[PDB]
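Read-outs throughout are calculated quantities, based only on the coordinates presented, and are distinct from any laboratory measurement. All Cβ positions, even for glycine, are placed from backbone atoms using ideal geometry, and neighbour counts span all protein chains on display.
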Amino acid sequence: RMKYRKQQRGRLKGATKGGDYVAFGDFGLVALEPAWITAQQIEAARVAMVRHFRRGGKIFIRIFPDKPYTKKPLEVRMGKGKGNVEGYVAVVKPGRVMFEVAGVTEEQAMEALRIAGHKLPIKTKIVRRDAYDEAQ
Amino acid sequence: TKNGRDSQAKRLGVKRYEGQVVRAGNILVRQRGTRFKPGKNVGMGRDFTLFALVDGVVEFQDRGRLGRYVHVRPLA
Amino acid sequence: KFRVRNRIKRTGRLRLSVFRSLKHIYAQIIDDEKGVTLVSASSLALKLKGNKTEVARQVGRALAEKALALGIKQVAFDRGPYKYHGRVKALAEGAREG
Amino acid sequence: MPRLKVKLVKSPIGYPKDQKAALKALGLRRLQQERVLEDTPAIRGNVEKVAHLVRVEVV
Amino acid sequence: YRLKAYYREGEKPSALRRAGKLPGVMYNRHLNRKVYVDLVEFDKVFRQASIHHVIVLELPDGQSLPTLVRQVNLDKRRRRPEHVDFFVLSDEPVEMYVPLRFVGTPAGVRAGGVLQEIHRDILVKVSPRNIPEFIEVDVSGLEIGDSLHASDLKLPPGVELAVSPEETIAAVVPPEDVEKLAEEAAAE
RNA sequence: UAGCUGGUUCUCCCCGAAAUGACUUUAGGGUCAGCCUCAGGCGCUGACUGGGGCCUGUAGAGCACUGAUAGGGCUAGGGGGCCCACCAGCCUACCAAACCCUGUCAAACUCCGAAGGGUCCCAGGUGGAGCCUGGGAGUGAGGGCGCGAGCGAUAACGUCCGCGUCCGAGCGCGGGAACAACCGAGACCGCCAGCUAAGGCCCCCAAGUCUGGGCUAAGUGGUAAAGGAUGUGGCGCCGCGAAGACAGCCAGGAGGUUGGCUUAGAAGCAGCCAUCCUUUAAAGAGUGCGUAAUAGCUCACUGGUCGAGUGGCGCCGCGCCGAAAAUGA
RNA sequence: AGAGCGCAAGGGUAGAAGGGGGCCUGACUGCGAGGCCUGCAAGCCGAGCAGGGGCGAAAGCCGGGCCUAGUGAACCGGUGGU
RNA sequence: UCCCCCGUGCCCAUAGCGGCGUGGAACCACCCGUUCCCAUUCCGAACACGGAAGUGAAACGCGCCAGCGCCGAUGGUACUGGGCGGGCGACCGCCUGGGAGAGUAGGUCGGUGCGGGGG
Ligand SMILES: [Mg+2]
Ligand SMILES: [Mg+2]
Ligand SMILES: [Mg+2]
Ligand SMILES: [Mg+2]
Ligand SMILES: [Mg+2]
Ligand SMILES: [Mg+2]
Ligand SMILES: [Mg+2]
Ligand SMILES: [Mg+2]
Ligand SMILES: [Mg+2]
Ligand SMILES: [Mg+2]
Ligand SMILES: [Mg+2]
Ligand SMILES: [Mg+2]
Ligand SMILES: [Mg+2]
Ligand SMILES: [Mg+2]
Ligand SMILES: [Mg+2]
Ligand SMILES: [Mg+2]
Ligand SMILES: [Mg+2]
Ligand SMILES: [Mg+2]
Ligand SMILES: [Mg+2]
């Protein structure tokens with residue numbers, strides 16, 4: 001990344017913008033609850049996704065962490081926290097689309113996304129595709 | 001750390017509003033630069049202060065490209 | 001270019017828009033805050049002969065008569081992106097000389 | 001502007017200042033109080049903001 | 001396709017949904033009317049119907065209008081349609097996203113590749129009479145690392161690409177298993 | 001001397017606060033301001049409200065600036081290769097600026113932008129309203145709770161700001177078992193009167209073992225999660241079915257082929273890829289177990305048996321596991 | 001308008017506040033209606049008036065730098081005048 | 001009363017980028033010349049002066065087209081004064097009043113003052 005040091009905490013209101021639509025691939029993974037997803041949680045799901053089906057197709061990770069996660073070294077109250085301990089996170093709100101595979105069968109995706117679900121803190125759901133876009 | 005710092009509040013912005021009677025010289029509105037332009041019977045100072053030159057009522061007139069003007073319609 | 005024009009606008013009343021042609025030289029006493037011309041003594045497009053400079057002097061005197069008739073006197077001249085020296089000079093020159 | 005019977009039933013205790021001042025403008029003292037006022041535009045707005053505290057009647 | 005529509009007026013928008021009706025509105029260059037379809041009906045209908053084929057709406061007025069959903073407001077928080085538009089056609093040409101059936105076995109899949117696909121549909125100016133269920137895509141000579149653009153599309157008669165003459169259509173990306181995981185874990 | 005602690009004596013009557021701001025060798029003290037109360041003045045100006053004008057940059061949304069940013073195309077530059085130094089040309093499932101498209105993020109980004117609030121004019125508004133002058137204080141540790149933010153760990157009866165409230169001072173009264181601030185409700189005194197508020201209406205305990213309609217058999221109720229499971233009920237979708245379905249049952253479950261490559265050894269059953277034909281009512285270039293490897297058991301398939309339903313999927317409610325603590329439950 | 005506007009950042013700005021040349025010293029004295037901000041003190045804006053002076057043909061502008069930081073009550077004492 | 005022009009103010013892009021076409025007697029610009037007023041840190045490019053020919057190319061004025069810029073409803077959401085409910089929490093839902101942004105249909109190569117010249 002790149003920008004500067006620290007950022008506010010902020011609350012996680014309605015599941016508004018934190019939500020989209022299967023923009024790529026065939027299948028997808030949607031969050032049911034709000035939460036800051038850690039960089040490790042992402043890597044955890046990603047590796048587990050590709051490691052399941054070897055030489056798999058293409059995996060799209062729509063979300064992206066950029067919020068500095070603050071934290072203090074087990075002391076008290078001098079200034080703002082050093083943060084960075086857990087690294088970064090992404091404002092994931094219900095409805096959002098974290099992962100979505102492509103160029104692969106339905107069983108591989110059904111299992112891989114299911115697996116990559118446990119790698120994530122939030123209770124999730126898997127959506128097919130339908131045709132819901134925006135046209136005529 | 002080394003951060004706790006901030007110059008106290010200058011308390012700027014719109015002082016007088018439209019539909020308000022005013023004397024002669026009343027600082028109608030203080031501003032940072034040119035968020036508002038002068039106008040009919042309305043002068044300004046170094047700090048870009050808007051103030052009446054006559055006696056009357058304040059009025060606002062947006063004009064897109066030109067900007068937002070403010071003036072006082074005389075009457076007695 | 002019209003900085004000068006805007007300077008006079010806020011100044012007061014009775015502007016004197018001196019728009020000159022390469023051969024003509026018009027002149028109007030427009031009052032802002034309403035947009036209305038008063039004494040509009042044209043030049044070549046009016047009656048005068050053919051001598052831009054001397055024609056200017058007279059057309060200026062033309063404003064004077066018509067103006068002094070309506071009870072006006074505020075010499076709110078309007079350079080109108082023009083250097084004061086030649087044609088436009090004689091304009092306010094003759095107009096103010098009487 | 002027909003009459004407007006308004007009876008107080010919900011104690012203002014615990015509600016914001018403005019609401020309290022409303023029942024003062026309407027002249028409402030104790031609980032279960034009667035008070036017949038006109039139906040003027042302003043008087044409406046005040047009885048409206050406290051509708052959850054009183055039961056309005058069209059007389 | 002068909003669809004049983006009705007006229008709206010004052011029925012509460014939210015309370016309407018709870019019953020079983022999907023709110024919506026038809027309109028065109030001159031028309032404008034509050035309508036509302038049925039959830040279950042519209043669902044199965046719009047499933048195949050989507051936004052490529054035309055669907056006439058049978059109003060109680062016996063009027064058969066050749067409409068097609070110009071837009072849909074998908075509800076956040078677990079996907080589900082909230083609102084639906086219905087652009088009515090006539091005879092003047094009209095733009096719209098037409099389907100795209102990519103057919104063939106790209107050289108990419110041979111050397112172990114990935115079925116990339118950009119525009120699964122393309123907007124194109126076209127007369128109302130023309131209703132191509134789809135357009136043939138000659139994707140086959142496409143090898144890994146290659147791609148296909150809009151300037152290389154096969155257009156049927158009486159139609160034009162209402163898009164940029166260079167836009168992409170699809171591609172062929174590689175896998176990403178062990179070679180990347182092992183290499184990336186150390187190279188990062 | 002004590003800007004510190006402790007004490008400060010009779011009665012009834014009206015009103016009635018603060019625990020904030022600014023400066024302080026100031027922080028548990030003061031000065032002015034704010035909030036309380038008298039006295040004398042002024043008299044619809046008060047709080048709150050209707051209508052109208054004006055100001056502003058948040059929730060939200062957005063990507064037009066500043067930046068970040070996933071994937072593709074195009075493309076300057078760097079690296080590797082074909083190739084020869086006459087130094088270019090070409091490829092490059094490579095690193096990758098700029099530009100376009102697809103898709104996003106932001107307190108210190110904003111093309112956009114409410115509910116609302118602030119203020120002036122017009123009108124209701126007679127209240128322990130308000131404005132002016134002067135006497136008198138106390139107050140300058142505040143706390144919960146709700147909402148919006150920061151800090152914290154999206155910990156704390158935590159902390160620090162804003163808007164409001166209650167305790168403070170209403171530890172007076174009812175409910176919540178008991179409990180300052182949660183819900184009701186503002187106590188001048190008297191009555192062996194009646195209606196009601198919250199919450200209740202089997203007993204301790206006042207009031208219906210009241211009425212109709214369902215859900216749950218766990219003592220859930222009597223309140224713990226990711227995750228897990230033919231627990232039970234209700235709605236919608238799709239497949240097979242009396243031209244014979246689901247399950248079990250009777251037999252077969254075959255050739256090339258010991259599918260190609262590979263392999264000490266893979267023979268549908270260690271590892272990689274290809275990805276037919278015959279017979280037939282049926283048997284697939286083959287699912288599980290076994291074996292060094294074959295042999296052997298199995299499913300889908302077909303037929304007979306058999307005879308009325310059956311399987312999968314999604315959604316709504318209650319419930320189960322997940323669940324281990326110290327004197328007696 | 002993404003530059004510039006001496007120096008931080010913001011609001012502003014080419015319909016100049018930005019770059020150049022000419023003349024020149026209002027980087028005046030004596031005042032100050034009426035205001036913003038405000039507990040106090042302090043800070044900030046300022047039309048218009050008089051004397052007198054600069055640039056301009058003139059209408060007119062000038063009581064220091066586009067602007068918001070570049071500062072210190074009182075006391076005690078120094079130097080020049082009245 | 002009506003049409004085309006010159007000036008000049010108003011609405012502040014639905015009035016512009018652009019592609020094409022039109023207009024010259026009259027208005028306007030360009031064009032001739034540099035002696036005089038005046039000037040370019042160098043140039044009569046511009047600022048200035050005395051004015052015949054030629055042109056309407058440049059620029060400007062007037063029309064046409066929607067490829068870009070721009071304006072953009074309707075319906076439904078997001079959010080929210082005020083009132084109320086559910087969870088352990090992160091939070092979620094209902095009544096009333098209010099209500100964008102985005103996107104879709106669509107709309108635009110401008111309207112309008114006063115004075116003046118010509119028919
Ligand atoms: Mg999970
Ligand atoms: Mg103190
Ligand atoms: Mg005091
Ligand atoms: Mg936001
Ligand atoms: Mg108001
Ligand atoms: Mg409090
Ligand atoms: Mg109290
Ligand atoms: Mg109690
Ligand atoms: Mg009750
Ligand atoms: Mg248990
Ligand atoms: Mg700038
Ligand atoms: Mg200058
Ligand atoms: Mg300067
Ligand atoms: Mg003061
Ligand atoms: Mg200062
Ligand atoms: Mg003087
Ligand atoms: Mg002293
Ligand atoms: Mg021609
Ligand atoms: Mg909009």
Tally of residues being assigned to a loop (DSSP other than H, G, I, E, B) and not aliphatic (A, V, I, L, M) across region C:14-37: 9
Near pairs, Cβ below 8 angstrom, 6+ apart or cross-chain, from region A:105-132 (part of a loop (DSSP other than H, G, I, E, B)) to any residue that is within 16 Å of ligand 1 (Cβ to nearest atom) and among the acidic types (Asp, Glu): A:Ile122/A:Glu33; A:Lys123/A:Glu33
Residue list for region A:88-136, filter: touching a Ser or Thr at 6+ places or on another chain (Cβ under 6 Å) and more than 16 Å from RNA strand H (Cβ to nearest atom): A:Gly117, A:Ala131
Unmet requirement for E:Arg77, which otherwise passes all of (1) assigned to a strand (DSSP E or B); (2) in contact with a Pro (Cβ under 6 Å, 6 or more places away or on another chain): (1)
Count - residues of region A:32-51 that are under 23 Å from E:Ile144 (Cβ atoms), away from ligand 1 (no atom under 16 Å from the Cβ) and more than 9 Å from chain E (Cβ to nearest Cβ): 0
Scope region B:32-70; condition without any contact (Cβ under 8 Å) to a residue 12 or more places away in the chain and of a type outside the set (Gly, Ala, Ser); matching residues: B:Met44, B:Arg46, B:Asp62, B:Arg63, B:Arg65
Hits in region B:19-36 (condition: of a type in the set (D, E, K, R) and surrounded by 12 or more Cβ atoms within 10 Å (Cβ to Cβ)): B:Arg30, B:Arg35
Single unsatisfied condition, D:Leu28 versus (1) without any contact (Cβ under 8 Å) to a residue 40 or more places away in the chain; (2) exposed (fewer than 10 other Cβ atoms within 10 Å of the Cβ): (2)
Unique match (being more than 16 Å from ligand 1 (Cβ to nearest atom) and more than 9 Å from chain E (Cβ to nearest Cβ)) among A:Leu29, A:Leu12: A:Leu12
Residue list for region E:110-138, restricted to those being at the interface with chain A (Cβ under 9 Å from one of its Cβ atoms) and surrounded by 17 or more Cβ atoms within 10 Å (Cβ to Cβ): E:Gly113, E:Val114, E:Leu115, E:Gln116, E:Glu117, E:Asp121
Residues satisfying the stated conditions in region D:40-59, i.e. outside any helix (DSSP H, G or I) and among the aliphatic types (A, V, I, L, M): D:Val50, D:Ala51, D:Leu53, D:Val54, D:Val56, D:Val58, D:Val59
Subset of region E:45-100 (residues that are hydroxyl-bearing (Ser, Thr, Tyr) and more than 9 Å from chain A (Cβ to nearest Cβ)): E:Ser64, E:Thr67, E:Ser90
Complete set of residues in region C:3-29 that are surrounded by fewer than 14 Cβ atoms within 10 Å (Cβ to Cβ) and near RNA strand H (Cβ under 7 Å from one of its atoms): C:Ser21, C:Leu22, C:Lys23
From D:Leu23, D:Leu37, D:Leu8, residue being touching a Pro at 6+ places or on another chain (Cβ under 7 Å) and near RNA strand F (Cβ under 10 Å from one of its atoms): D:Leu23
Filtered residues of region B:55-71 (kept if within 14 Å of another protein chain (Cβ to nearest Cβ) and surrounded by 13 or more Cβ atoms within 10 Å (Cβ to Cβ)): B:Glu59, B:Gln61, B:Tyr69, B:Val70, B:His71
From A:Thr105, A:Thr124, residue being more than 11 Å from every other protein chain (Cβ to nearest Cβ), more than 10 Å from RNA strand F (Cβ to nearest atom), β-branched (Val, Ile, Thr) and farther than 27 Å from A:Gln7 by Cα: A:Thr105
Some residue of region C:74-85 being of a type in the set (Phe, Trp, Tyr) and in a loop (DSSP other than H, G, I, E, B): yes
Per-region count, region A:74-102, residues more than 14 Å from chain B (Cβ to nearest Cβ), over 19 Å from A:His52 (Cβ atoms) and touching a residue at least 60 places away in the same chain (Cβ under 8 Å): 8
